[PDB]
Every structure is written in C-alpha cells, then in structure tokens.
Amino acid sequence: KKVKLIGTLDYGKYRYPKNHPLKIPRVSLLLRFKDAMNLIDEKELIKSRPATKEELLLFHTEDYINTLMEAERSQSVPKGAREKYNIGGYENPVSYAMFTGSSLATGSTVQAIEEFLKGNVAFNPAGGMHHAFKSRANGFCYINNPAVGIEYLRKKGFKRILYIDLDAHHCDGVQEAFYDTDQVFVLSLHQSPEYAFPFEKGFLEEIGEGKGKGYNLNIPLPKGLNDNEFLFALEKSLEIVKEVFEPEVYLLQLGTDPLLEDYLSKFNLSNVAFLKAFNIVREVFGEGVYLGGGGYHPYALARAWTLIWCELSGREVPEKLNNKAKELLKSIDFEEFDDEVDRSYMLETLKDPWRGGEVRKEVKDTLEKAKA
Ligand SMILES: O=C(CCCCCCC(=O)Nc1ccccc1)NO
Ligand SMILES: [Zn+2]
C-alpha cells in the first residue's frame with residue numbers, strides 16, 4: 001500500500017488572469033512547498049496526465065468540450081459561447097487553464113482513482129472542481145473532475161458511490177449530475193446559498209429527484225462558522241449518510257477555502273479542524289479517493305494541504321516551517337485582501353491553534369431538519 005500525491009509544476013503555467021482569485025500558484029506551490037519542507041519524495045509523486053476526450057465525455061457533452069478546445073487555442077470566446085456555455089466571462093475567462101489545466105486536473109482525478117483501486121492511497125490536489133455542469137462553465141470551473149470521476153466508477157460497476165464535499169461552497173455541479181440517481185450519494189457542507197456562491201442552489205431542501213430523492217444532502221452553514229460548528233455538522237451529517245447509504249467507494253473533496261484566512265469564505269476554521277474533518281471521514285468510511293478544491297490564500301492552501309499530505313504519508317508534522325518554506329511563501333505575490341490583517345504569523349508554524357467556540361442553535365436546527 002503506497003501513498004501517492006498526484007501533481008506537476010506545470011499547473012503553474014496555466015493560471016487564471018491577474019484579476020482572478022486563481023491567478024496564484026496552488027498545486028505547483030504545494031509541491032515546491034513540501035519539497036522545501038522535505039516532506040515528499042519522488043517515489044511518492046505521480047505526474048499528472050491529461051484526461052482523454054473519452055473520459056471527459058463520461059459526463060460532459062461534446063459540443064461543450066469542443067467549445068473549450070476551440071476557445072483555448074484561438075484564445076477567444078466563440079460566437080454564442082458566452083451565453084450557451086458561460087465561457088469568456090470574468091468568472092470563467094479564456095486562458096490555457098480553461099482546457100489544458102482543467103484536463104490536467106481531471107486526468108489526475110482518474111489517476112487518483114486508478115491508484116485507489118490498485119489498493120493505494122492518492123490525493124489529487126488539483127481536482128475537486130465541483131461546479132461545472134454537463135455543458136456549462138460555472139464558478140471558475142470548466143470541467144467537473146468529480147462528476148467525471150464518479151461516472152468513471154459507475155462504468156467500472158460500482159452502484160453505491162459516495163461523495164463528500166468539505167469545500168466552503170456547494171458543489172452544485174456534482175449535485176445536478178446525480179440528483180436523479182440513488183447510486184451516487186452526494187453530501188456537502190458549505191456556506192449557505194442565502195449569502196454565498198452559487199446562491200441558486202445548496203439549500204437543505206434539495207434532497208433529490210426521482211429515484212435519487214433522499215440521496216443528496218446539503219448542509220448550509222452560517223457565517224463566522226468556528227471549528228466546533230464545522231465538525232459538529234460533519235459527524236452529524238455523516239450519520240444521516242451511514243443510516244441510508246453503504247458506500248462501495250467514496251470521494252472526498254478538500255477545498256481549503258473554509259479556512260479563516262481565505263477571503264472567498266466567511267468561515268473562521270483552522271488547519272487542525274480541517275485535518276480532523278478529514279480524519280473523521282476516514283474513521284467513518286475507511287479510505288477513499290481524496291480530492292482538492294477551492295483555496296485562495298497561498299499560505300493556508302500550502303500549510304493545510306501539507307497536513308493532509310503528512311497524515312496520509314504517515315509522517316510527523318514539523319511544528320515550524322524551515323527557512324526555505326517561509327521564503328517560498330513570501331516570494332508569492334498575493335496581496336492580502338483586508339489591507340493589513342497581517343498573516344505573517346502563518347509563517348511561524350504549520351498547525352495553527354484551534355478556533356473552536358459554542359455551537360449556535362442555527363447549526364443544530366439545520367442538522368435536526370436534515371435528520372428528519
Ligand atoms: O471556490 C469556489 C467558489 C468560486 C466562485 C467565487 C465567485 C465569487 C467571485 O467572483 N469572487 C471574487 C473575485 C475576485 C476577488 C475576490 C472575490 N468554489 O468552491
Ligand atoms: Zn469553494
């Protein structure tokens with residue numbers, strides 16, 4: 001049983017435009033980081049491969065895929081593509097990330113899956129692009145690696161696939177994709193749609209359609225969410241799943257945006273709570289395929305995913321970051337959103353302190369209605 005990390009420094013060449021949250025290095029940055037912390041070896045890394053047209057078609061429609069391919073190389077927005085495919089906008093602009101990086105991130109999810117099925121443990125930090133629809137770009141996403149991955153498994157015969165999304169936002173793409181089926185159970189904790197993207201979906205009431213009614217569970221959570229609240233809903237919502245679904249396999253997306261320092265989230269979570277959310281899912285359902293997801297703060301991103309890597313890699317977490325790592329992080333131009341909050345403290349340790357607190361009624365009500 002090997003523990004593999006799927007990645008490449010090439011993502012770093014497929015960034016989104018300056019004015020875009022995804023303009024920064026992310027997975028390429030994770031690799032440089034753990035290499036600087038000496039927490040990864042060559043024999044544990046798997047080079048990302050591009051998803052084949054066929055694999056993408058296990059979910060996405062040809063016209064939508066050909067539109068992506070055409071738009072990228074001509075580096076343009078084709079006539080009627082903006083409207084029909086939600087491509088070209090600020091949200092999902094034209095770039096080399098729209099198809100080449102997306103395909104790369106997607107092939108890595110299948111790679112991650114192939115590995116798991118070989119009896120190994122893999123983590124694909126570039127995957128977890130859960131917003132894309134069958135024929136539409138959405139929320140920075142063009143290709144839905146999770147859906148594509150899940151369909152991959154269905155073709156391999158699995159009939160009870162589980163998907164847990166701990167990313168701060170609802171995986172509306174993953175939801176629409178298996179909303180009418182009961183072979184795939186979709187579960188998601190995220191910022192309530194009442195105040196956060198997607199805004200149009202993610203509400204507790206969305207429990208399915210047809211045979212799938214009861215196989216989609218959304219856990220809308222309040223702003224200022226603290227560690228205890230987060231963990232509370234996880235353990236609690238996982239329970240609802242176990243009494244209703246016996247998984248043959250499950251995927252977990254681990255976006256680091258729920259963390260306190262990430263601006264695209266109103267949650268004030270910590271690394272440790274994040275790490276624990278992870279281990280709790282593993283305690284309940286065993287090992288599964290681990291995916292990446294949203295994350296916009298270079299420091300949180302790096303420290304957080306490094307914890308996941310250590311946990312998997314069975315290696316102790318250095319309590320501090322050596323100089324090579326501190327310098328790396330400081331070399332990235334990110335520009336803090338809130339002028340000066342000062343996040344240099346993140347450079348003084350890998351595991352930050354707990355940010356627990358009481359558990360608001362809201363959360364307990366949310367869970368209770370989800371239970372009922
Ligand atoms: O990370 C996500 C959500 C992506 C959608 C975020 C869109 C909102 C947006 O445009 N925000 C923004 C843009 C520039 C600078 C800061 C925030 N999925 O989990
Ligand atoms: Zn997110």
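Heavy atoms only: backbone and side chains are in, while hydrogens, waters and symmetry mates are out. Residue indices begin at 1 and follow the sequence shown.
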Item to check | Salt bridge present between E44 and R315 (N-O < 4.0 angstrom) | outcome: yes

Item to check | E239 bridged to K236 by N-O distance under 4.0 Å | outcome: no

Next on the checklist: Which residues pass the salt bridge (charged side-chain N to carboxylate O under 4.0 Å, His left out) test with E176, not counting sequence neighbours?
Outcome noted: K201

Item to check | Residues that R303 engages under salt bridge (charged side-chain N to carboxylate O under 4.0 Å, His left out), provided they are two or more places apart | outcome: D352

Next on the checklist: I want to check something: taking the side chain as every heavy atom from C-beta on, are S95 and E72 in contact at a cut-off of under 4.5 Å?
Outcome noted: no

Next on the checklist: If only side-chain N and O atoms count, and only distance matters, is there a donor-acceptor pair under 3.5 Å linking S48 with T8?
Outcome noted: no

Item to check | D167 versus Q253, side-chain donor and acceptor atoms under 3.5 Å | outcome: yes

Checklist entry - Salt bridge check: are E248 and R160 linked by an N-O gap of less than 4.0 Å? => result yes

Checklist entry - Is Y296 reachable from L260 through a run of I, L, V, M, F, W or Y residues, each pair having side-chain heavy atoms under 4.5 Å apart? => result no

Checklist entry - Do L187 and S237 have side-chain heavy atoms sitting under 4.5 Å apart? => result yes

Item to check | Donor on one side chain, acceptor on other, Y152 and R154, under 3.5 Å | outcome: no

Next on the checklist: Please check this pair: side chain of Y263 against backbone of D338, looking for a donor-acceptor N/O pair closer than 3.5 Å.
Outcome noted: yes

Checklist entry - Looking only at side chains, do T106 and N145 share a donor and an acceptor under 3.5 Å apart? => result no

Item to check | Modelled atom types, side-chain donor and acceptor of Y250 and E287, under 3.5 Å | outcome: no

Checklist entry - Same cluster or not: are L225 and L275 linked, directly or through other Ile, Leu, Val, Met, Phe, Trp or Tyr residues, by side-chain heavy atoms under 4.5 angstrom apart? => result yes

Item to check | Distance, nearest 0.5 Å, that separates CD1 of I308 from CG of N279 | outcome: 7.5 Å

Checklist entry - Can you say whether the rings of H20 and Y90 are parallel (under 30°), tilted (30 to 60°) or perpendicular (over 60°)? => result tilted

Next on the checklist: Regarding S103 and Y14, do their side chains bring together a donor and an acceptor under 3.5 Å, going by distance alone?
Outcome noted: no

Checklist entry - Between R355 (side chain) and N226 (backbone), is there a donor-acceptor pair under 3.5 Å? => result no

Checklist entry - Just by distance, with hydrogens left out, do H170 and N218 show a side-chain donor and acceptor under 3.5 Å apart? => result yes

Next on the checklist: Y290 and ring pair (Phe, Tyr, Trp, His ring centres under 6.0 Å): which single residue from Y163, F278, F116 fits?
Outcome noted: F278

Checklist entry - Any ion pair linking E348 and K320 (charged N to carboxylate O, less than 4.0 Å)? => result no

Item to check | Within the 6.0 Å centroid threshold, strictly below: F185 and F245 | outcome: yes

Checklist entry - Would you call the rings of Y64 and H60 parallel, tilted or perpendicular if under 30° counts as parallel and over 60° as perpendicular? => result tilted

Next on the checklist: Could you check whether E358 and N228, counting side-chain N and O atoms only, form a donor-acceptor pair closer than 3.5 Å?
Outcome noted: no

Checklist entry - Is it the case that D257 and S265 place a side-chain donor and acceptor less than 3.5 Å from each other? => result no

Checklist entry - When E114 is tested against each of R49, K4, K156 for salt bridge (charged side-chain N to carboxylate O under 4.0 Å, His left out), which residue passes? => result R49

Checklist entry - Does the ring center of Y179 lie less than 6.0 Å from the ring center of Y215? => result no

Item to check | Between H190 and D165: side-chain donor-acceptor atoms closer than 3.5 Å | outcome: no

Checklist entry - Are side-chain heavy atoms of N92 and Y85 found at a separation under 4.5 Å? => result no

Next on the checklist: Taking the ring centre of each residue, are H131 and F140 less than 6.0 Å apart?
Outcome noted: no

Next on the checklist: Any donor-acceptor pair under 3.5 Å linking the side-chain atoms of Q175 with those of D172?
Outcome noted: no

Item to check | Donor-acceptor contact below 3.5 Å, side chain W305 vs main chain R26 | outcome: no

Next on the checklist: Would you say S108 and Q111 are linked by a side-chain donor-acceptor pair, where the criterion is simply a distance under 3.5 Å?
Outcome noted: yes

Checklist entry - Who pairs with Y96 by ring pair (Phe, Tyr, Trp, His ring centres under 6.0 Å), at least two apart in sequence or on another chain? => result none

Next on the checklist: Under 4.5 Å between side-chain heavy atoms, counting indirect links through other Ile/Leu/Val/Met/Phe/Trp/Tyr residues: same cluster for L291 and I161 or not?
Outcome noted: yes

